[PDB]
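Take a look at this single chain in structure tokens; it is the form deposited in one PDB entry.
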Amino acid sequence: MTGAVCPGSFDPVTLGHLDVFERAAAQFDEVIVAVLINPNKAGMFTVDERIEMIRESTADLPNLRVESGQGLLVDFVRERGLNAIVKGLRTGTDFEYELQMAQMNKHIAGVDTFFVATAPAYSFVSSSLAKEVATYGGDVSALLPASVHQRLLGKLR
């Protein structure tokens, strides 16, 4: 039994995230999406809302489950008997910062990190830029799962 954790705030989940989830679920026996709860910055969607949106979008992935997490990521990973993290990367700058984090996580807890390159179509989408664009009436419907877009239009009204 192999497995990996896919961490993020997912506020909201985007099609770029979903592409990573699908690719991880195709290669590991189990995948856990870890939705981070951050006591400091409370974003647009509640943790439960974020989990619901991810579950809707990943309904066809039976070996993927969604859970909330808090604190040190490598504790979350090890408490679930795993020792791999899977994350998506878009740029070389992304890789430099994430490499530091990955080496740190491997040093402190023996947890490894596997990165996957973004699908070309989603190279420019992020949760933050999608929210910003949508806030001013830009159309981000092609960048988000169908249900997320509906939920996002409600938060904006």
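Numbering starts at 1 and follows the sequence shown.
Below, we refer to the form solved in complex with a small molecule, which is not included among the displayed structures.
Put simply, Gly8 is close to the small molecule in the entry with it bound: some heavy atom of it is within 4.5 Å.
The closest non-hydrogen atom of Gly71 lies within 4.5 Å of the small molecule in the entry with it bound. Proximity of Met44 to the small molecule in the entry with it bound: non-hydrogen atoms within 4.5 Å are absent; the residue sits far from the partner.
Residue contact check for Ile51: none of its heavy atoms lie within 4.5 Å of the small molecule in the entry with it bound.
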